[PDB]
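J.: just need the structure, nothing else, for what follows:
(chains A, B, C, D and E)
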Amino acid sequence: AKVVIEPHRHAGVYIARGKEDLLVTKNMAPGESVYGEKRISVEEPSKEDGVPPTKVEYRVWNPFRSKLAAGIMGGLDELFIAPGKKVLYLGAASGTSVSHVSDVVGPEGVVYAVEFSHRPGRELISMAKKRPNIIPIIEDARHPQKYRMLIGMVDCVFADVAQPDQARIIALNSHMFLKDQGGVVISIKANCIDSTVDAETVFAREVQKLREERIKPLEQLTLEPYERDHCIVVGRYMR
Amino acid sequence: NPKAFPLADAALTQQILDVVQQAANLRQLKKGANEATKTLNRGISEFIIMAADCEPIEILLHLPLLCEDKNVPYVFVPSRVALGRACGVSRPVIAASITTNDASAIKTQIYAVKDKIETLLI
Amino acid sequence: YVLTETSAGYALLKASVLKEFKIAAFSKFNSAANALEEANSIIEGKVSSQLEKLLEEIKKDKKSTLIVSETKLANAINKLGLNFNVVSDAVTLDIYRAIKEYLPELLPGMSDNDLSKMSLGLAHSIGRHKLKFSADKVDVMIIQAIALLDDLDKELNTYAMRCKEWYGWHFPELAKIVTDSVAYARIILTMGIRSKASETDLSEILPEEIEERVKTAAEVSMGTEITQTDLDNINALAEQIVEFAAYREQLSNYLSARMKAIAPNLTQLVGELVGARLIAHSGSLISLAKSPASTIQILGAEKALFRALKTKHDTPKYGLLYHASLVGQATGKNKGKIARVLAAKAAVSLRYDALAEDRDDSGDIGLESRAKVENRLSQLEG
RNA sequence: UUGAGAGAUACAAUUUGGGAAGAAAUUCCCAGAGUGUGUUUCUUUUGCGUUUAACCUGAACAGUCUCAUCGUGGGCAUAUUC
RNA sequence: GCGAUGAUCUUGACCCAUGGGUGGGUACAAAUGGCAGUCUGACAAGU
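T.: Residues are numbered from 1 along each chain as shown, chains lettered A, B, ... in the order given. Structure as follows:
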């Protein structure tokens, strides 16, 4: 028989049950192969005239590739990613995890892919010629006043970098394009900062700098072993 | 060549040529970038040593891409003749691969040099 | 007091500190070249046309104390002859943040739709501009064209044999003499009926010792004779066969300059169709040049090779490289070694044209590779 | 190691916050904190590294010739071994 | 104002209290459909 796919505890993030346990989003530009992935064609059977009822395609989405999926599977109650919002996706580095953000953000949402490297941007524009919601910028991510003309503003911000100066790097963006009570979602990798030392001191000084730049982390946790020595940090700006 | 990164200093270069030379004793070496590419596909390589002054450089650049795909460390070393001369061949080698054994007698030096390379990549 | 930066106009805010969340002035730019050079203007810190216009029009009541966002924009407006005092403190400002919150409310006829579409169309333009190539890195069209060429030849000998089946009623004795499709179509397209045997229409098509056989065939052939309407459909059909015959020539001439466009050194090594079919059967260029040369030397005949790997026999030693003239120039023992050498250099030329420098440089370095192959072939013939 | 400070775990008892039932007493379903006894982790006290403590290297000591590989023929046990 | 110049009768298959669902052929597109893991890897030629 066929599976049933029900929505999870955030809208736009759907879960497949039960002989398959897959975390799926809403496809809106079909025929693709981001990595040669499958697609799931589902519908609700109704009795209507005209056309048969619509098979709203859902595409699978792994925690082994994106930290945001593993943050959903690891346990969460509140999130700033929902259908319709505007997100600033800091760092993409291939353009593969962008399309799942463009799926889950809905058609109303606009995903701004940030990149400063010449090689992966050729796949960013490859994804951008496929889907009508993805705006790529090949811009310096350190200088917000050098891409202010291109972008408008976003509703929340995502930090995929794990750099030792990133407490400045999001700050120049958080002072610039994010509203009050805006959402800040960070994915800090512990061994990408420094590897001679335990992770708890690094996480403590990073959440200290989050308190310094007026970020209020409502929940911070290590994920669970879908990644190794990693944290995703959820905080609100000017709460 | 600005493409040659991460490029090494003197003492680490001497240590890496030494460890390569001892592995070249124990029949535990792969030579030529073609064979090293096959080891990176088959997933048997500890790491990859690539000569930085390889002219033209176009023949080499895919190996670090596939390295960071499979999360396998790598180091550029600034001269090819010391590399292939440290492999026991009287012709230049530009890229070579070290294989994996859970009972090889040179294991600790392999792990220490790997720790140096993971320090270089971060 | 405030210069507004956006790619749809340059707006001075005095709302005409004393502010009222309105506009004092705005001076508009909106086109491809306007937004592209403004996009270069914010990155360069460059003084734009409408910026100097906004310094020229309003003055002495809103521009004596101007706050610019970029500190590079403090120097050029500082040295303006209109004698202005330019500071740049509190650029990060709730009012400056609150400019874009009312930007569809301050620009008449603009909303949140046209800013995003022009922002996307500008992001594609500056994205093609910075990466100095196209948005897709066009290589797929070779994969399309070499998929079309074989089907073109299939329609060609299809309709040629159809014409032979048709015209065999009037004149059956021709196919045993002339067997080529194109010369079969040209003869019927010139002659008409077999009673109209003329010499020059033989001379432009065939060699003479075949032509006399076609003439003596034109005597003794006593096939059926029929009205002119059939002859009209036949010469129409033969015009279509010569038409397609020129058409696939134009398609291969399209594949010529595209193959010399993308991979010049591969083209100098193995011509067009060889590396063309290798790029095709691979799937792309960049997935092909990342491969070992051993997989290159046997890419093609996957199934006989893998069958030999299952049953532990001799693995066959020719992939798709069995058709280039170098491989076809050796004999049974010299041949496979030239093939191994051939992939051993062909991987180098794939990585030549692969990694984004030889594409701009149009190729001079497969020429050495041909010398190294030829000199090995010379000593491998003694 | 014996001292000195902290941490992890289980069993018994104790105690409480939420979801369902009952006037209450009491029961059903999640969550937490206390008391003892066991198991046990980390800093710190002290002995020790005399550095002939270990490892690597050009090694007369692979010479009564050595080693690998495919065969062959016997002994014992019931991916073999001699 | 009927037919051996075919009249008659049957080979779409089933089930249920117009309606409903399977069954098979054709064309189209895609496959966590088929590659233990897409060849071996250091000497040969001459004197």
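
J.: which strand or helix spans residue C:66?
T.: strand C:65-67 (DSSP states H and E).

J.: tell me the first helix or strand C-terminal of that strand.
T.: Following strand C:65-67 in sequence, per DSSP H and E, is helix C:72-78.

J.: next, the buried residues of that next one.
T.: Neighbour-count burial for helix C:72-78, counted by 16 or more other Cβ atoms under 10 Å in any protein chain shown, picks out C:73, C:74, C:76, C:77. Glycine gets a C-beta too; all of them are placed from N, C-alpha and C.

J.: in the strand holding residue C:66, what's buried?
T.: Quick answer for strand C:65-67 (16+ other Cβ under 10 Å): C:66, C:67.

J.: try stretch C:134-150
T.: Those buried within stretch C:134-150 under the rule 16+ other Cβ under 10 Å are C:135, C:137, C:142, C:143, C:145, C:146, C:149.

J.: residue of chain A closest to chain B, please.
T.: Closest to chain B within chain A is residue A:195: 6.1 Å, counting by Cβ to the nearest Cβ.

J.: show the contacting residues for the closest residue to that residue other than its chain neighbours.
T.: By the measure of Cβ to Cβ, 6 or more residues apart in numbering or on different chains, the closest residue to residue A:195 outside its immediate chain neighbours is residue B:122, 6.1 Å from it. By Cβ atoms under 8 Å, 6 or more residues apart in numbering or on different chains, the residues touching residue B:122 are A:191, A:192, A:194, A:195.

J.: show residues contacting the longest helix anywhere in chain A.
T.: Longest helix in chain A, counting residues (DSSP state H): helix A:199-212. Residues outside helix A:199-212 that contact it (Cβ under 8 Å, 6+ apart): A:167, A:186, A:188, A:190-191, A:193-194, A:217, A:220, A:229, A:231, A:233, A:235.

J.: can you list contacts of the next helix or strand after that helix?
T.: Scanning forward in sequence from helix A:199-212 by DSSP H and E, the next helix or strand is strand A:215-222. With Cβ under 8 Å, 6+ apart as the test, strand A:215-222 has contacts from A:74-78, A:174, A:184, A:203, A:207, A:210, A:229-237, A:239.

J.: can I get strand A:215-222 as CSV, trimmed to CA atoms?
T.: What follows is strand A:215-222 as a C-alpha-only set of coordinates in CSV (Å, rounded to 0.1, in the frame of the first residue of the first chain):
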residue,chain,number,x,y,z
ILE,A,215,20.8,37.4,21.4
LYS,A,216,18.6,35.5,23.8
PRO,A,217,19.1,31.7,23.3
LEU,A,218,15.8,30.1,24.2
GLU,A,219,17.2,26.5,23.8
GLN,A,220,20.7,25.2,22.9
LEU,A,221,21.5,21.5,22.7
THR,A,222,23.9,19.1,21.1
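
J.: quickly run through the sheet partners of that strand, with directions.
T.: strand A:230-237 (antiparallel) (DSSP bridges).

J.: ok and the partner strand relative to helix A:199-212, angle-wise?
T.: Inter-element angle recorded for strand A:230-237 and helix A:199-212: 10 degrees (by axes from the mean of the first three to the mean of the last three Cα atoms, to 10 degrees).

J.: need the CA coordinates for strand A:230-237. CSV is fine.
T.: Output of strand A:230-237 as CSV, limited to C-alpha atoms (Å, rounded to 0.1, in the frame of the first residue of the first chain):
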residue,chain,number,x,y,z
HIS,A,230,28.1,19.9,17.0
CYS,A,231,25.5,22.3,18.2
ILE,A,232,22.6,24.2,16.8
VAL,A,233,21.7,27.4,18.7
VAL,A,234,18.3,29.1,18.6
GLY,A,235,18.0,32.7,19.8
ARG,A,236,16.0,35.8,19.3
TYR,A,237,17.4,39.2,18.5
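
J.: how distant is it from the center of its chain?
T.: Put simply, strand A:230-237 sits 12 Å off its chain's centre (Cα atoms, centre = their mean, to the nearest Å).

J.: who's in contact with that strand?
T.: Taking Cβ under 8 Å, 6+ apart as the rule, strand A:230-237 contacts A:67-68, A:70-71, A:74, A:76, A:78-80, A:174, A:178, A:180-190, A:199, A:203, A:206-207, A:210, A:214-223.

J.: now those: which count as buried?
T.: Buried, going by 16+ other Cβ under 10 Å: A:67-68, A:70-71, A:74, A:76, A:79-80, A:174, A:178, A:182-190, A:199, A:203, A:206-207, A:210, A:215, A:220, A:222-223, out of these.

J.: for residue 181, give me its contacts.
T.: Let's take chain A. Applying Cβ under 8 Å, 6+ apart, the residues contacting residue A:181 are A:236, A:237, A:238, A:239.

J.: oops, chain C please
T.: Per Cβ under 8 Å, 6+ apart, neighbours of residue C:181: C:156, C:157, C:160, C:241, C:245.

J.: the same query, at a cut-off of 7 Å, please.
T.: Contact partners of residue C:181, counting by Cβ atoms under 7 Å, 6 or more residues apart in numbering or on different chains, are C:156, C:157, C:160, C:241.

J.: and residue C:67, by the same measure?
T.: Contacts of residue C:67 (Cβ under 7 Å, 6+ apart): C:1, C:2, C:87, C:88.

J.: so residue A:187, which of the three states?
T.: strand (DSSP: H, G, I helix; E, B strand; the rest coil).

J.: these two touch, right, it and residue A:160?
T.: Yes - at 5.7 Å, residue A:187 counts as touching residue A:160 under the criterion of Cβ atoms under 7 Å.

J.: for residue A:78, see how far away residue A:33 is.
T.: 34 Å (Cβ to Cβ, to the nearest Å).

J.: for chain C, what are the nearby residues on chain B?
T.: Within chain B, the positions adjacent to chain C are B:34, B:37, B:38, B:58, B:59, B:61, B:62, B:66 by Cβ under 7 Å from any Cβ of the partner chain.
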